[PDB]
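Participant: my complex, first installment, coordinates as in the assembly:
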Amino acid sequence: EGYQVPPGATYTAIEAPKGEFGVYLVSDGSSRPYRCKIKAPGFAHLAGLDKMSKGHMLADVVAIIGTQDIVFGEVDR
Amino acid sequence: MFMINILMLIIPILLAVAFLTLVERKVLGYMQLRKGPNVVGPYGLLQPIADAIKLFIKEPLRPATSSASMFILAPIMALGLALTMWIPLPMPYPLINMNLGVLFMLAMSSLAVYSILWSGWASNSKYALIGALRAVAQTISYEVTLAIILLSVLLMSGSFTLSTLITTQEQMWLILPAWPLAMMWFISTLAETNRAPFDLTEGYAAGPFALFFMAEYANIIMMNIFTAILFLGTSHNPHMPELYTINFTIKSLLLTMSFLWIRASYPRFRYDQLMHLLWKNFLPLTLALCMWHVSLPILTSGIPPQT
Amino acid sequence: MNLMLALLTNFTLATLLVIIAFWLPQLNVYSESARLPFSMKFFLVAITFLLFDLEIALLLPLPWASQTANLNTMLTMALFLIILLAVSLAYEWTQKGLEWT
Amino acid sequence: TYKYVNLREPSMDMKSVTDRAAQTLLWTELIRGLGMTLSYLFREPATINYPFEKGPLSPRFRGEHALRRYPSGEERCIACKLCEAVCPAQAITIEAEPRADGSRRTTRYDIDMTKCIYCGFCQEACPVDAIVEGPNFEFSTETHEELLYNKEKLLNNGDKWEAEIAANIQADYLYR
């Protein structure tokens, strides 16, 4: 079965190497989570690529993607 | 006899190109704390042979609906011109002793940019055409400084004969009076041969690809032989010519290795940045040193002989 | 005649390698002009190269010209020509002809 | 507590400005980088001679699954289905019934090795050390079907690898 978790919802975050990595975890009182939203820091960073690449050249976009430290495992989940 | 001589130049050129592919991989390997090819033959000695065979028995894809006339003409021109660049090289004697050999090499290499232009047309892809047009702009731009640097050096030599450069350097390498020119010449050959950190194209298949690769690496070795002759002249003893060939070959090998050494060591320029390197740094200095090297023999009374 | 033989051999071997590269056996038995969106900046680079190339053509005879007795005239004209190349570059430079932005 | 990574003012004396001009025109810091790759060229490489040499592993390593026995040769598995229940990938399928001698044993024990995530949760959950992840990691196959393990395949893995599996368990069981 697993251990049951008291009902409730938490947003918990840590300073992960790529930024703030958090989970919004909702418990309904049972042994399975009701909802688990994963906050991946690269999600918001990649959303800023268009803003950050403004007034730059094509080869700079490669650098800007690199500077943001983007792993699509977390961006896409 | 002369047909034997031609084949004794062409065939070693191709084998030297094949085994440069092995040396580059192994030199880069040890600089990267690894080994590189060491399984296919002892110490990787059969790797180039395996690669060549693999490439020629691969399916030879074509773009289809292309200017296939120029899909085939691009590598024929590239390899034909690359092999042609070697016929005036004095090692210490040239296959063809040209009075204007230095200018013949300038003329022939200026045509090499066509195989880039034709290959972009033959791809039928508008984005491949753009990449080819970017490579052409990089190549012709660095042709400018290579020509002006060469002319500056020949004002101390006094002729367009490649074997006169040997005479000019009997007492001293030209790198000493002209190290500023040699620095820009060497970097220009890197950008001319699209080598790292100017390998922006890397920023054809099967045998046709192998022929483009062999033409490119023939030019890389060729430009480093020319560099050794131009700036690191070997002393030639007429009665022991192979002493020249050994020493000059070592210098050429070391310069070619330095191309691999540089590839291992640096990031890659942006396109606009290597265009600014030429037009705003090399070319201003090259023009000033051309004026200096035109004046210098006159004001020192060191004008070289014509003959 | 030697140069022709060297040229003919070089491009003949190149042709043979390319045609052989295409005609090796496959062992299969089954069926097988507008305005490019390219910047004006690249046109100006090619034109700039062409005009500098023409200037280099005029400087190529300089090693022979340095053997003249009329060195005062020869040196003046050599520097005149190179300085005009410098002025051409400076005009391109100051007029933003060398920019990519 | 914090530090600045790039808050500095270059000196503008002639000696400092001339130092930077020389670096610009003589490429001194580029030449320095060449020195470092040159030093690596003469270092011994880190490459090992696979497959004659192998990368080191620990007794905890999670590799190919196997079903184990007691010293008598009886199967350890008693079809409790804890492994199936815990499996994060639902990679285990079990059927059971009384054996002809009344023993509680499985009639099916399948592991889809292409569903498995090699997490080791099955061997944690097993109350009798019946299912383990063994030390073998060199079992790639030419077909997908070969990676759908049934009980016969898994028992054969146990008989094939038990010598090593038992020694590894002996080294790590006091940590469990």
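Facilitator: Yep, it's here. Numbering: from 1, shown residues only, chains lettered A, B, ... in the order given.

Participant: what does the stretch 201-307 of chain B have sitting close to chain A?
Facilitator: By Cβ under 8 Å from any Cβ of the partner chain, the residues of the stretch 201-307 of chain B that approach chain A are B:203, B:270, B:271, B:272. Heads up, the C-betas are built off the backbone N, CA and C, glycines and all.

Participant: apart from its neighbours in sequence, what residue is nearest the first one?
Facilitator: Read it as residue B:203. Leaving aside its sequence neighbours, residue B:203 sits nearest to residue B:268 (Cβ to Cβ, 6 or more residues apart in numbering or on different chains; 6.1 Å).

Participant: narrow the residues of the stretch 201-307 of chain B next to chain A to those that are buried.
Facilitator: Neighbour counting by 16 or more other Cβ atoms under 10 Å in any protein chain shown classes B:270, B:271 among those as buried.

Participant: closest to chain C out of the residues of the stretch 201-307 of chain B next to chain A?
Facilitator: For those, the residue nearest chain C by Cβ to the nearest Cβ is residue B:272; the value is 3.8 Å.

Participant: so the closest one lies in a helix, does it not?
Facilitator: Yes: with DSSP: H, G, I helix; E, B strand; the rest coil as the criterion, residue B:272 is part of a helix.

Participant: leaving out chain neighbours, which residue sits closest to it?
Facilitator: Among residues not flanking residue B:272 along the chain, residue C:100 sits closest, at 3.8 Å (Cβ to Cβ, 6+ apart).

Participant: and that neighbour, how many residues sit next to it?
Facilitator: By other Cβ atoms under 10 Å in any protein chain shown, the residues close to residue C:100 number 14.

Participant: ok, now chain E:
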Amino acid sequence: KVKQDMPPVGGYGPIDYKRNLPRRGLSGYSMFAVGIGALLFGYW
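Facilitator: The block that follows adds chain E to the chains above:
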């Protein structure tokens, strides 16, 4: 007696972490002097 992975009595020795990029070479003055000296010897 309990036995688990622990640091040695007294702890481990110091570990370096600060950037260490030493200064090398000659000043810009000397480098230009050698370069210009080389040019003049070559010209002569």
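
Participant: and the residue of chain A that's closest to chain E?
Facilitator: At 17.0 Å from chain E, residue A:17 is the closest residue in chain A, using Cβ to the nearest Cβ.

Participant: got the contact list for that residue?
Facilitator: Under the criterion of Cβ atoms under 8 Å, 6 or more residues apart in numbering or on different chains, the neighbours of residue A:17 are residue A:69.

Participant: same question, residue B:28
Facilitator: B:36, B:260, B:263, B:264.

Participant: now the second one: phi and psi?
Facilitator: Think residue B:260. phi -70, psi -40 (degrees, to the nearest 10).

Participant: hmm, back to that, any chance of the contacts of residue B:28 in CSV, with neighbour count, secondary structure and distance to chain E too?
Facilitator: Formatted as CSV, the contacts of residue B:28 follow (neighbours: other Cβ atoms under 10 Å in any protein chain shown; DSSP: H, G, I helix; E, B strand; the rest coil; distance: Cβ to the nearest Cβ, whole Å):
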residue, neighbour count, secondary structure, distance to chain E
B:36, 20, coil, 29
B:260, 20, helix, 24
B:263, 18, helix, 24
B:264, 21, coil, 20
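
Participant: now render the residues you listed as JSON lines, adding distance to residue B:210.
Facilitator: Formatted as JSON lines, the contacts of residue B:28 follow (distance: Cβ to Cβ, whole Å):
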{"residue": "B:36", "distance to residue B:210": "20"}
{"residue": "B:260", "distance to residue B:210": "20"}
{"residue": "B:263", "distance to residue B:210": "20"}
{"residue": "B:264", "distance to residue B:210": "24"}
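
Participant: here's chain F, drop it on:
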Amino acid sequence: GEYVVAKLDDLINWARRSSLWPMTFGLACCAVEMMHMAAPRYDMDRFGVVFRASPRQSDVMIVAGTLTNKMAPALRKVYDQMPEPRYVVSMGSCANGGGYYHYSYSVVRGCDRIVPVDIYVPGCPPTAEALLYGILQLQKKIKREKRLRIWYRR
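Facilitator: One more chain to add, chain F, which I have set with the ones above:
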């Protein structure tokens, strides 16, 4: 003549397995272990397997990670562009059969639904060594080919 054909088959097989140029579809975590196979300890380049190749110059495709539905058409397009002979190595549970995500609405349950597969490397991820074992297993598979022998019995 059978002796000549057998030797010619051996020569081309040796060249093709001694010069495997991979195109890596680094889709997810399995790509990292592929990186560690190119890294100094295992140095795949020492076997003649270059680090990275363009699709038009590649002999083997390595599907290293989860293949989602959105990605599947792109992967099939790259496979169709590879010159032949071409081989596919499926690396890791996701590519082999969907793995942890087998029951998801957005995941292809094994890349072998999209392309023919020559070697399946198990693991989540397979160790760099395990992938190298698979590459060397692909080489032995190529060593077994008898293309010219079968051609001359047609």
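
Participant: now that chain F has been added, could you go back to the contacts of residue A:17?
Facilitator: Counting by Cβ under 8 Å, 6+ apart, residue A:17 makes contact with residue A:69.

Participant: quick one: it from residue A:74, how far?
Facilitator: 11 Å (Cβ to Cβ, to the nearest Å).

Participant: before we move on, what about residue F:82?
Facilitator: According to Cβ to Cβ, residue F:82 and residue A:74 sit 31 Å apart.

Participant: and if you look at residue B:87?
Facilitator: With distances taken as Cβ to Cβ, residue B:87 is found 59 Å from residue A:74.

Participant: more neighbours, the two?
Facilitator: Per other Cβ under 10 Å, whichever of residue B:87 and residue A:74 has more neighbours is residue B:87, with 25 against 17.

Participant: how about the strands in chain D?
Facilitator: D:65-67, D:92-98, D:104-112, D:131-133, D:148-149 (DSSP state E).

Participant: tell me which element residue F:75 falls in.
Facilitator: Using DSSP states H and E, residue F:75 falls within helix F:72-81.

Participant: again, but for residue A:36
Facilitator: Element membership for residue A:36 (DSSP H and E) is strand A:35-39.

Participant: give me the residues contacting the longest helix belonging to chain A.
Facilitator: What stands out as the longest helix in chain A, according to DSSP state H, is helix A:58-68. By Cβ under 8 Å, 6+ apart, the residues outside helix A:58-68 that reach it are A:42, A:45, A:46, A:48, A:49, A:52, A:53, A:56, B:203, B:270, B:271.

Participant: out of those residues, which end up buried?
Facilitator: Neighbour-count burial (16+ other Cβ under 10 Å) applied to the contacts of helix A:58-68 gives A:42, A:45, A:46, A:52, B:270, B:271.
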